[PDB]
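Structure, as structure tokens:
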Amino acid sequence: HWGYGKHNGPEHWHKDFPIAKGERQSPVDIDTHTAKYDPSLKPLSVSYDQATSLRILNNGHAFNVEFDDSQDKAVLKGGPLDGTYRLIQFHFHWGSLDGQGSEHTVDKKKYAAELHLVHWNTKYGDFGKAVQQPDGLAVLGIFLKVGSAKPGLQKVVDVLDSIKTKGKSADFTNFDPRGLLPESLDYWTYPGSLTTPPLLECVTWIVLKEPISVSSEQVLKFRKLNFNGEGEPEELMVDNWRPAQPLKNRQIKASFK
Ligand SMILES: CCCC(=O)Nc1nnc(S(N)(=O)=O)s1
Ligand SMILES: CCCC(=O)Nc1nnc(S(N)(=O)=O)s1
Ligand SMILES: [Zn+2]
């Protein structure tokens, strides 16, 4: 089964998921000088005030904080998006070292980690139908650098002990994802894919320019998670990031001058 190891990592995924070599794969390097300001892009609308988190799950590849997406409670709209996209989960990708971990890069710079807030287009009714559509998902990507702690991340950090191994979940209610955003909502945007199998080409990527700062202790706790299940040989959940893929026939647009 696919993963991030030497024998099942990103260079192997194409054998089971041939779209891995497709025309709109993610992540990509964001070349800041080549991205073009698009004054027709509207400001992002992040409406998370009514978000209902439910559960946190170690799925053997990352951990997902899952939300109640049965109503329009936490939605993303505006920016490059047409219509309303409902938050379903967020998760991170991170490195074994502070010098790596993000999936998107900025002028080839890798951040220590990257947060993905995953939303599905409500016109498709459910996430499973949305992923079959070229505009089915909107993923808001936020870079993490190591520095000062992120207070709003700490509740996530502190529950990770309870979901150390693949398949473990824990109740995770009343978590406010607004505590994970940076101050500015300036963004780059381009059409892409899921960055994990099945790598479906269904994502409008919105990547914020401003990273958030997390502490070394916070990211160290991410790195204590396990890819393996309980009772299996311990393999630290680190470096669960796919590297940048060819941009091909795509233009990255910037929301800011
Ligand atoms: C020794 C590990 C065995 C293994 O994992 N082999 C794979 N070959 N292709 C894979 S996938 N789902 O990424 O395409 S996994
Ligand atoms: C329960 C939602 C299923 C889901 O979100 N699947 C994803 N697979 N790759 C993603 S990424 N790294 O592109 O945001 S999201
Ligand atoms: Zn992701």
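Going by the structure tokens order, chains are called A, B, ..., each with residues numbered from 1, while ligands are numbered from 1 in the order shown.
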
Produce a table with one row for each residue of stretch 165-196 of chain A that has an atom at most 8 Å from any atom of stretch 213-233 of chain A, each row naming the nearest atom pair and its distance in Å at one decimal; use only C-alpha atoms; arrange rows by chain and rising residue number; format as a Markdown table.
```
| residue | atom | partner | partner_atom | distance |
| --- | --- | --- | --- | --- |
| A:165 | CA | A:229 | CA | 4.8 |
| A:166 | CA | A:229 | CA | 4.5 |
| A:167 | CA | A:229 | CA | 6.7 |
```

Could you give me, as an mmCIF file with N, CA, C and O atoms, in the first residue's frame, each residue of stretch 10-257 of chain A that DSSP assigns to strand (DSSP E or B) when run on this structure's backbone?
```
data_model
loop_
_atom_site.group_PDB
_atom_site.id
_atom_site.type_symbol
_atom_site.label_atom_id
_atom_site.label_comp_id
_atom_site.auth_asym_id
_atom_site.auth_seq_id
_atom_site.Cartn_x
_atom_site.Cartn_y
_atom_site.Cartn_z
ATOM 1 N N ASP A 29 5.745 23.952 -7.257
ATOM 2 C CA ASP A 29 6.527 25.081 -6.797
ATOM 3 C C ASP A 29 5.821 26.341 -7.258
ATOM 4 O O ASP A 29 5.370 26.422 -8.405
ATOM 5 N N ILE A 30 5.689 27.301 -6.357
ATOM 6 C CA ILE A 30 5.093 28.591 -6.674
ATOM 7 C C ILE A 30 6.247 29.530 -6.967
ATOM 8 O O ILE A 30 6.948 29.983 -6.057
ATOM 9 N N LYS A 36 1.046 35.657 -11.731
ATOM 10 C CA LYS A 36 0.562 36.954 -12.178
ATOM 11 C C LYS A 36 -0.562 37.428 -11.270
ATOM 12 O O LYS A 36 -1.507 36.680 -10.984
ATOM 13 N N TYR A 37 -0.457 38.674 -10.833
ATOM 14 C CA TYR A 37 -1.553 39.300 -10.121
ATOM 15 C C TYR A 37 -2.778 39.321 -11.021
ATOM 16 O O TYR A 37 -2.701 39.690 -12.200
ATOM 17 N N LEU A 44 -10.837 36.270 -0.539
ATOM 18 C CA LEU A 44 -11.333 35.027 0.027
ATOM 19 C C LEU A 44 -12.372 35.333 1.093
ATOM 20 O O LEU A 44 -12.247 36.304 1.844
ATOM 21 N N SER A 45 -13.396 34.489 1.173
ATOM 22 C CA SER A 45 -14.364 34.543 2.261
ATOM 23 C C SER A 45 -14.252 33.247 3.047
ATOM 24 O O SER A 45 -14.678 32.186 2.576
ATOM 25 N N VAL A 46 -13.681 33.330 4.238
ATOM 26 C CA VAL A 46 -13.556 32.190 5.134
ATOM 27 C C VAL A 46 -14.578 32.400 6.240
ATOM 28 O O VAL A 46 -14.473 33.353 7.022
ATOM 29 N N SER A 47 -15.593 31.545 6.288
ATOM 30 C CA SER A 47 -16.676 31.664 7.263
ATOM 31 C C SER A 47 -16.664 30.407 8.126
ATOM 32 O O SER A 47 -17.393 29.452 7.856
ATOM 33 N N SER A 53 -16.226 20.863 14.773
ATOM 34 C CA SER A 53 -15.299 19.747 14.694
ATOM 35 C C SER A 53 -15.883 18.571 15.459
ATOM 36 O O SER A 53 -16.660 18.741 16.404
ATOM 37 N N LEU A 54 -15.532 17.367 15.028
ATOM 38 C CA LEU A 54 -16.090 16.174 15.649
ATOM 39 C C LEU A 54 -15.041 15.218 16.180
ATOM 40 O O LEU A 54 -15.199 14.673 17.275
ATOM 41 N N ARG A 55 -13.972 15.000 15.433
ATOM 42 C CA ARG A 55 -13.127 13.851 15.692
ATOM 43 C C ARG A 55 -11.767 14.121 15.081
ATOM 44 O O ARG A 55 -11.641 14.864 14.104
ATOM 45 N N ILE A 56 -10.754 13.482 15.641
ATOM 46 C CA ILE A 56 -9.417 13.510 15.072
ATOM 47 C C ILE A 56 -8.982 12.071 14.840
ATOM 48 O O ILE A 56 -9.187 11.210 15.702
ATOM 49 N N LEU A 57 -8.419 11.804 13.659
ATOM 50 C CA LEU A 57 -8.135 10.443 13.226
ATOM 51 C C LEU A 57 -6.711 10.369 12.708
ATOM 52 O O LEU A 57 -6.304 11.196 11.889
ATOM 53 N N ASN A 58 -5.963 9.376 13.168
ATOM 54 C CA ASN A 58 -4.701 9.007 12.535
ATOM 55 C C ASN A 58 -5.050 7.980 11.466
ATOM 56 O O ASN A 58 -5.502 6.880 11.788
ATOM 57 N N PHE A 63 -2.914 13.017 10.251
ATOM 58 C CA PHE A 63 -4.099 13.026 11.097
ATOM 59 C C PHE A 63 -5.097 14.047 10.570
ATOM 60 O O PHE A 63 -4.728 15.165 10.183
ATOM 61 N N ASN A 64 -6.366 13.656 10.560
ATOM 62 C CA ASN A 64 -7.438 14.501 10.062
ATOM 63 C C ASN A 64 -8.283 14.970 11.232
ATOM 64 O O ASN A 64 -8.759 14.153 12.029
ATOM 65 N N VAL A 65 -8.501 16.274 11.313
ATOM 66 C CA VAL A 65 -9.524 16.827 12.190
ATOM 67 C C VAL A 65 -10.774 16.972 11.334
ATOM 68 O O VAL A 65 -10.775 17.710 10.341
ATOM 69 N N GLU A 66 -11.822 16.238 11.688
ATOM 70 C CA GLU A 66 -13.001 16.104 10.847
ATOM 71 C C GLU A 66 -14.095 17.008 11.376
ATOM 72 O O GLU A 66 -14.216 17.221 12.587
ATOM 73 N N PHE A 67 -14.911 17.510 10.458
ATOM 74 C CA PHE A 67 -15.975 18.445 10.776
ATOM 75 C C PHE A 67 -17.314 17.896 10.318
ATOM 76 O O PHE A 67 -17.395 17.061 9.412
ATOM 77 N N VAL A 75 -17.654 27.368 5.749
ATOM 78 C CA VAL A 75 -17.605 27.404 4.296
ATOM 79 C C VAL A 75 -16.518 28.349 3.825
ATOM 80 O O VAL A 75 -16.180 29.346 4.474
ATOM 81 N N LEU A 76 -16.009 28.041 2.646
ATOM 82 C CA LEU A 76 -15.075 28.877 1.929
ATOM 83 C C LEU A 76 -15.756 29.304 0.641
ATOM 84 O O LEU A 76 -16.354 28.475 -0.057
ATOM 85 N N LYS A 77 -15.685 30.592 0.333
ATOM 86 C CA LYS A 77 -16.240 31.115 -0.904
ATOM 87 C C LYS A 77 -15.425 32.333 -1.320
ATOM 88 O O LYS A 77 -14.519 32.775 -0.608
ATOM 89 N N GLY A 78 -15.750 32.873 -2.487
ATOM 90 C CA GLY A 78 -14.997 33.983 -3.032
ATOM 91 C C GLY A 78 -13.662 33.526 -3.596
ATOM 92 O O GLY A 78 -13.470 32.373 -3.971
ATOM 93 N N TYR A 85 -18.117 26.182 -0.788
ATOM 94 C CA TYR A 85 -17.362 24.977 -0.499
ATOM 95 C C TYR A 85 -17.351 24.737 1.002
ATOM 96 O O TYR A 85 -16.973 25.621 1.777
ATOM 97 N N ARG A 86 -17.734 23.536 1.403
ATOM 98 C CA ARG A 86 -17.953 23.204 2.803
ATOM 99 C C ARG A 86 -16.716 22.512 3.367
ATOM 100 O O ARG A 86 -16.210 21.552 2.776
ATOM 101 N N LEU A 87 -16.242 22.997 4.516
ATOM 102 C CA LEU A 87 -15.112 22.372 5.192
ATOM 103 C C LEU A 87 -15.479 20.971 5.666
ATOM 104 O O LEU A 87 -16.482 20.781 6.367
ATOM 105 N N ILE A 88 -14.656 19.992 5.309
ATOM 106 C CA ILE A 88 -14.856 18.616 5.725
ATOM 107 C C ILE A 88 -13.778 18.150 6.698
ATOM 108 O O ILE A 88 -14.080 17.442 7.661
ATOM 109 N N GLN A 89 -12.534 18.575 6.500
ATOM 110 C CA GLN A 89 -11.467 18.149 7.394
ATOM 111 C C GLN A 89 -10.270 19.041 7.141
ATOM 112 O O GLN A 89 -10.162 19.672 6.090
ATOM 113 N N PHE A 90 -9.375 19.092 8.121
ATOM 114 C CA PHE A 90 -8.040 19.605 7.867
ATOM 115 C C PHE A 90 -7.009 18.599 8.338
ATOM 116 O O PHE A 90 -7.272 17.762 9.202
ATOM 117 N N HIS A 91 -5.810 18.719 7.777
ATOM 118 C CA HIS A 91 -4.698 17.858 8.139
ATOM 119 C C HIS A 91 -3.431 18.608 7.780
ATOM 120 O O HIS A 91 -3.475 19.673 7.165
ATOM 121 N N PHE A 92 -2.300 18.023 8.141
ATOM 122 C CA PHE A 92 -1.007 18.617 7.858
ATOM 123 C C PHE A 92 -0.124 17.622 7.124
ATOM 124 O O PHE A 92 -0.336 16.410 7.152
ATOM 125 N N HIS A 93 0.912 18.169 6.509
ATOM 126 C CA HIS A 93 2.063 17.416 6.052
ATOM 127 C C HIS A 93 3.278 18.067 6.684
ATOM 128 O O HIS A 93 3.339 19.299 6.790
ATOM 129 N N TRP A 94 4.247 17.260 7.113
ATOM 130 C CA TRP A 94 5.383 17.823 7.832
ATOM 131 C C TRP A 94 6.626 16.976 7.607
ATOM 132 O O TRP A 94 6.567 15.855 7.090
ATOM 133 N N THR A 105 6.015 24.551 -2.527
ATOM 134 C CA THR A 105 7.206 25.318 -2.205
ATOM 135 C C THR A 105 7.040 26.705 -2.795
ATOM 136 O O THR A 105 6.207 26.924 -3.681
ATOM 137 N N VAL A 106 7.806 27.652 -2.269
ATOM 138 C CA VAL A 106 7.725 29.038 -2.705
ATOM 139 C C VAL A 106 9.119 29.420 -3.160
ATOM 140 O O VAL A 106 10.039 29.500 -2.340
ATOM 141 N N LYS A 109 11.592 27.196 -1.905
ATOM 142 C CA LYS A 109 11.691 27.101 -0.453
ATOM 143 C C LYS A 109 10.673 26.111 0.101
ATOM 144 O O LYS A 109 9.482 26.173 -0.218
ATOM 145 N N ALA A 113 6.136 22.601 7.425
ATOM 146 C CA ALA A 113 4.898 21.843 7.338
ATOM 147 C C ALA A 113 3.910 22.664 6.527
ATOM 148 O O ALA A 113 4.150 23.829 6.202
ATOM 149 N N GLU A 114 2.794 22.030 6.212
ATOM 150 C CA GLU A 114 1.739 22.666 5.442
ATOM 151 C C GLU A 114 0.404 22.129 5.936
ATOM 152 O O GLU A 114 0.205 20.911 6.035
ATOM 153 N N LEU A 115 -0.489 23.051 6.261
ATOM 154 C CA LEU A 115 -1.844 22.745 6.679
ATOM 155 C C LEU A 115 -2.754 22.796 5.463
ATOM 156 O O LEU A 115 -2.673 23.726 4.657
ATOM 157 N N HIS A 116 -3.644 21.810 5.355
ATOM 158 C CA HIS A 116 -4.610 21.728 4.268
ATOM 159 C C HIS A 116 -5.986 21.691 4.888
ATOM 160 O O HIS A 116 -6.325 20.719 5.569
ATOM 161 N N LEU A 117 -6.778 22.729 4.627
ATOM 162 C CA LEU A 117 -8.186 22.773 4.997
ATOM 163 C C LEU A 117 -8.968 22.407 3.747
ATOM 164 O O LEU A 117 -8.947 23.144 2.754
ATOM 165 N N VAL A 118 -9.633 21.263 3.792
ATOM 166 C CA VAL A 118 -10.227 20.639 2.614
ATOM 167 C C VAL A 118 -11.709 20.967 2.599
ATOM 168 O O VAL A 118 -12.409 20.753 3.602
ATOM 169 N N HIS A 119 -12.193 21.473 1.465
ATOM 170 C CA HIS A 119 -13.601 21.838 1.318
ATOM 171 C C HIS A 119 -14.141 21.249 0.026
ATOM 172 O O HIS A 119 -13.435 21.174 -0.977
ATOM 173 N N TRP A 120 -15.424 20.884 0.035
ATOM 174 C CA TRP A 120 -16.058 20.339 -1.160
ATOM 175 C C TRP A 120 -17.187 21.234 -1.647
ATOM 176 O O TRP A 120 -17.913 21.845 -0.851
ATOM 177 N N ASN A 121 -17.329 21.285 -2.970
ATOM 178 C CA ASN A 121 -18.291 22.154 -3.626
ATOM 179 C C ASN A 121 -19.705 21.636 -3.373
ATOM 180 O O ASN A 121 -20.059 20.521 -3.786
ATOM 181 N N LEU A 137 -13.322 20.332 -5.336
ATOM 182 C CA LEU A 137 -12.735 20.648 -4.045
ATOM 183 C C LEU A 137 -12.025 21.989 -4.088
ATOM 184 O O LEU A 137 -11.550 22.444 -5.129
ATOM 185 N N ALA A 138 -11.939 22.605 -2.923
ATOM 186 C CA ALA A 138 -11.073 23.753 -2.716
ATOM 187 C C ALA A 138 -10.261 23.448 -1.474
ATOM 188 O O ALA A 138 -10.822 23.198 -0.402
ATOM 189 N N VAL A 139 -8.944 23.409 -1.616
ATOM 190 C CA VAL A 139 -8.076 23.165 -0.481
ATOM 191 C C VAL A 139 -7.335 24.452 -0.186
ATOM 192 O O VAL A 139 -6.685 25.026 -1.070
ATOM 193 N N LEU A 140 -7.475 24.920 1.039
ATOM 194 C CA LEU A 140 -6.764 26.087 1.516
ATOM 195 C C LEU A 140 -5.483 25.597 2.176
ATOM 196 O O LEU A 140 -5.527 24.855 3.167
ATOM 197 N N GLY A 141 -4.344 25.978 1.599
ATOM 198 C CA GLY A 141 -3.046 25.526 2.055
ATOM 199 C C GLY A 141 -2.350 26.662 2.801
ATOM 200 O O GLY A 141 -2.361 27.801 2.347
ATOM 201 N N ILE A 142 -1.798 26.326 3.955
ATOM 202 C CA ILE A 142 -1.177 27.318 4.823
ATOM 203 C C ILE A 142 0.172 26.768 5.248
ATOM 204 O O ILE A 142 0.259 25.654 5.779
ATOM 205 N N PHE A 143 1.222 27.533 5.001
ATOM 206 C CA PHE A 143 2.555 27.087 5.364
ATOM 207 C C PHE A 143 2.796 27.292 6.854
ATOM 208 O O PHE A 143 2.296 28.246 7.463
ATOM 209 N N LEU A 144 3.585 26.389 7.434
ATOM 210 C CA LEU A 144 4.035 26.504 8.813
ATOM 211 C C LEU A 144 5.547 26.663 8.834
ATOM 212 O O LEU A 144 6.272 25.866 8.222
ATOM 213 N N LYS A 145 6.020 27.692 9.529
ATOM 214 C CA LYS A 145 7.428 27.820 9.859
ATOM 215 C C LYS A 145 7.605 27.651 11.360
ATOM 216 O O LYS A 145 6.672 27.845 12.144
ATOM 217 N N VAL A 146 8.816 27.275 11.755
ATOM 218 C CA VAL A 146 9.133 27.064 13.163
ATOM 219 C C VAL A 146 9.627 28.371 13.775
ATOM 220 O O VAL A 146 10.601 28.969 13.306
ATOM 221 N N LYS A 166 -1.905 4.349 13.541
ATOM 222 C CA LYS A 166 -2.885 4.272 12.470
ATOM 223 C C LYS A 166 -4.180 3.638 12.967
ATOM 224 O O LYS A 166 -4.164 2.616 13.664
ATOM 225 N N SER A 169 -8.680 7.020 16.726
ATOM 226 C CA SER A 169 -9.383 8.289 16.650
ATOM 227 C C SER A 169 -9.740 8.738 18.058
ATOM 228 O O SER A 169 -9.735 7.949 19.010
ATOM 229 N N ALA A 170 -10.071 10.020 18.178
ATOM 230 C CA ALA A 170 -10.456 10.577 19.461
ATOM 231 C C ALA A 170 -11.500 11.654 19.226
ATOM 232 O O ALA A 170 -11.463 12.366 18.221
ATOM 233 N N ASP A 171 -12.436 11.755 20.160
ATOM 234 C CA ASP A 171 -13.383 12.856 20.137
ATOM 235 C C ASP A 171 -12.613 14.167 20.089
ATOM 236 O O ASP A 171 -11.603 14.343 20.779
ATOM 237 N N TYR A 187 -3.247 35.286 -1.316
ATOM 238 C CA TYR A 187 -3.097 33.895 -1.722
ATOM 239 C C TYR A 187 -2.611 33.790 -3.163
ATOM 240 O O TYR A 187 -2.736 34.725 -3.959
ATOM 241 N N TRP A 188 -2.053 32.623 -3.477
ATOM 242 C CA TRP A 188 -1.899 32.166 -4.848
ATOM 243 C C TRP A 188 -2.948 31.094 -5.111
ATOM 244 O O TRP A 188 -3.421 30.424 -4.192
ATOM 245 N N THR A 189 -3.295 30.920 -6.381
ATOM 246 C CA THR A 189 -4.302 29.917 -6.713
ATOM 247 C C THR A 189 -4.001 29.296 -8.066
ATOM 248 O O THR A 189 -3.530 29.974 -8.977
ATOM 249 N N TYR A 190 -4.250 27.996 -8.179
ATOM 250 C CA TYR A 190 -4.076 27.302 -9.446
ATOM 251 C C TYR A 190 -4.900 26.021 -9.402
ATOM 252 O O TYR A 190 -5.287 25.564 -8.319
ATOM 253 N N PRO A 191 -5.206 25.438 -10.554
ATOM 254 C CA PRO A 191 -5.957 24.176 -10.582
ATOM 255 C C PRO A 191 -5.010 23.002 -10.397
ATOM 256 O O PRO A 191 -4.005 22.889 -11.104
ATOM 257 N N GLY A 192 -5.373 22.090 -9.513
ATOM 258 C CA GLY A 192 -4.516 20.960 -9.203
ATOM 259 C C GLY A 192 -5.252 19.713 -8.790
ATOM 260 O O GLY A 192 -6.342 19.408 -9.288
ATOM 261 N N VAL A 203 -9.112 19.693 -7.556
ATOM 262 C CA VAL A 203 -8.865 20.687 -6.516
ATOM 263 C C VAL A 203 -8.574 22.047 -7.136
ATOM 264 O O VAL A 203 -7.707 22.166 -8.010
ATOM 265 N N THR A 204 -9.276 23.074 -6.665
ATOM 266 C CA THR A 204 -8.784 24.437 -6.786
ATOM 267 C C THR A 204 -7.929 24.709 -5.562
ATOM 268 O O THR A 204 -8.436 24.714 -4.431
ATOM 269 N N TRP A 205 -6.637 24.921 -5.780
ATOM 270 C CA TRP A 205 -5.706 25.176 -4.694
ATOM 271 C C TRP A 205 -5.688 26.659 -4.399
ATOM 272 O O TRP A 205 -5.587 27.473 -5.311
ATOM 273 N N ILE A 206 -5.774 27.000 -3.122
ATOM 274 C CA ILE A 206 -5.647 28.372 -2.658
ATOM 275 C C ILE A 206 -4.581 28.310 -1.577
ATOM 276 O O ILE A 206 -4.820 27.755 -0.497
ATOM 277 N N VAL A 207 -3.407 28.858 -1.865
ATOM 278 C CA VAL A 207 -2.260 28.747 -0.973
ATOM 279 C C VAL A 207 -1.967 30.129 -0.417
ATOM 280 O O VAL A 207 -1.684 31.061 -1.174
ATOM 281 N N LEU A 208 -2.047 30.270 0.905
ATOM 282 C CA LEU A 208 -1.845 31.580 1.509
ATOM 283 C C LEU A 208 -0.379 31.975 1.467
ATOM 284 O O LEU A 208 0.515 31.149 1.673
ATOM 285 N N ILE A 212 2.037 30.589 8.979
ATOM 286 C CA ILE A 212 1.843 30.692 10.417
ATOM 287 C C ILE A 212 3.108 30.179 11.071
ATOM 288 O O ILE A 212 3.854 29.384 10.495
ATOM 289 N N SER A 213 3.374 30.675 12.275
ATOM 290 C CA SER A 213 4.498 30.217 13.074
ATOM 291 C C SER A 213 3.998 29.202 14.089
ATOM 292 O O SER A 213 2.971 29.423 14.743
ATOM 293 N N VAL A 214 4.710 28.080 14.200
ATOM 294 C CA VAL A 214 4.469 27.097 15.245
ATOM 295 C C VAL A 214 5.788 26.889 15.971
ATOM 296 O O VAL A 214 6.862 27.147 15.431
ATOM 297 N N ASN A 226 2.845 7.923 14.590
ATOM 298 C CA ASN A 226 3.307 6.716 13.919
ATOM 299 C C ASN A 226 2.501 6.478 12.652
ATOM 300 O O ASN A 226 1.279 6.651 12.644
ATOM 301 N N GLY A 229 0.229 0.825 12.692
ATOM 302 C CA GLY A 229 -0.782 0.532 13.684
ATOM 303 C C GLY A 229 -0.183 0.085 14.999
ATOM 304 O O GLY A 229 1.000 -0.266 15.116
ATOM 305 N N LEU A 236 8.094 6.366 12.595
ATOM 306 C CA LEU A 236 7.631 7.707 12.900
ATOM 307 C C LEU A 236 6.938 8.308 11.689
ATOM 308 O O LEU A 236 7.425 8.201 10.555
ATOM 309 N N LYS A 253 -2.004 32.179 -10.270
ATOM 310 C CA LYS A 253 -2.464 33.554 -10.169
ATOM 311 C C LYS A 253 -2.319 34.023 -8.731
ATOM 312 O O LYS A 253 -2.504 33.242 -7.798
ATOM 313 N N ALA A 254 -1.960 35.289 -8.557
ATOM 314 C CA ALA A 254 -1.806 35.883 -7.237
ATOM 315 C C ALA A 254 -2.952 36.849 -6.984
ATOM 316 O O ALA A 254 -3.401 37.554 -7.898
#
```

DSSP-assigned alpha helix (DSSP H) members of stretch 3-247 of chain A, reported as a PyMOL selection string: chain A and resi 127-130+154-159+216-222

Protein and nucleic acid residues within 8 Å of ligand 1 (only C-alpha atoms and all ligand atoms) as JSON, numbers by chain: {"A": [1, 2, 3, 5, 6, 7, 8, 9, 10, 11, 12, 13, 14, 15, 16, 17, 197]}

Let's have the selection written as a PDB file, in the first residue's frame, with C-alpha atoms.
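The resulting file, selection-v9.pdb, is reproduced below:
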```pdb
ATOM      1  CA  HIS A   1       0.000   0.000   0.000  1.00  0.00           C
ATOM      2  CA  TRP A   2       1.107   3.512  -0.829  1.00  0.00           C
ATOM      3  CA  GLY A   3       2.987   5.629   1.637  1.00  0.00           C
ATOM      4  CA  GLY A   5       8.801   5.165   2.472  1.00  0.00           C
ATOM      5  CA  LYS A   6      11.601   4.157   0.139  1.00  0.00           C
ATOM      6  CA  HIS A   7       9.550   1.359  -1.424  1.00  0.00           C
ATOM      7  CA  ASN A   8       6.046   2.881  -1.467  1.00  0.00           C
ATOM      8  CA  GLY A   9       6.679   6.633  -1.677  1.00  0.00           C
ATOM      9  CA  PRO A  10       5.666   9.268  -4.212  1.00  0.00           C
ATOM     10  CA  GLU A  11       7.911   7.933  -6.985  1.00  0.00           C
ATOM     11  CA  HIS A  12       5.950   4.660  -6.870  1.00  0.00           C
ATOM     12  CA  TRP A  13       2.407   6.033  -6.798  1.00  0.00           C
ATOM     13  CA  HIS A  14       2.026   6.180 -10.586  1.00  0.00           C
ATOM     14  CA  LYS A  15       2.045   2.380 -10.764  1.00  0.00           C
ATOM     15  CA  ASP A  16      -1.331   2.166  -9.011  1.00  0.00           C
ATOM     16  CA  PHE A  17      -2.548   5.724  -9.736  1.00  0.00           C
ATOM     17  CA  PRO A 197      -3.663   8.816  -3.872  1.00  0.00           C
TER      18      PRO A 197
END
```

Between A:74, A:252, A:199, A:130, which has the minimum distance to ligand 2 (counting only C-alpha atoms and all ligand atoms)? A:199

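Put simply, atom CA of residue A:202 is 6.6 Å away from atom CA of residue A:132.
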
Shell of 12 Å around residue A:248, only C-alpha atoms, local chain residues under 2 positions omitted, as a ChimeraX atom specification: /A:21-26,28-29,190-192,244-246,250-252

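Shortest separation to ligand 2 among A:168, A:27, A:149, A:176 occurs at residue A:27, atoms counted being only C-alpha atoms and all ligand atoms.
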
Compile the contact shell of residue A:100 as a PyMOL selection string: residues with an atom at most 7 Å away, counting only C-alpha atoms, same-chain residues fewer than 5 positions apart removed. chain A and resi 95+110-112

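For the pair atom CA of residue A:127 and atom CA of residue A:102, the separation is 24.4 Å.
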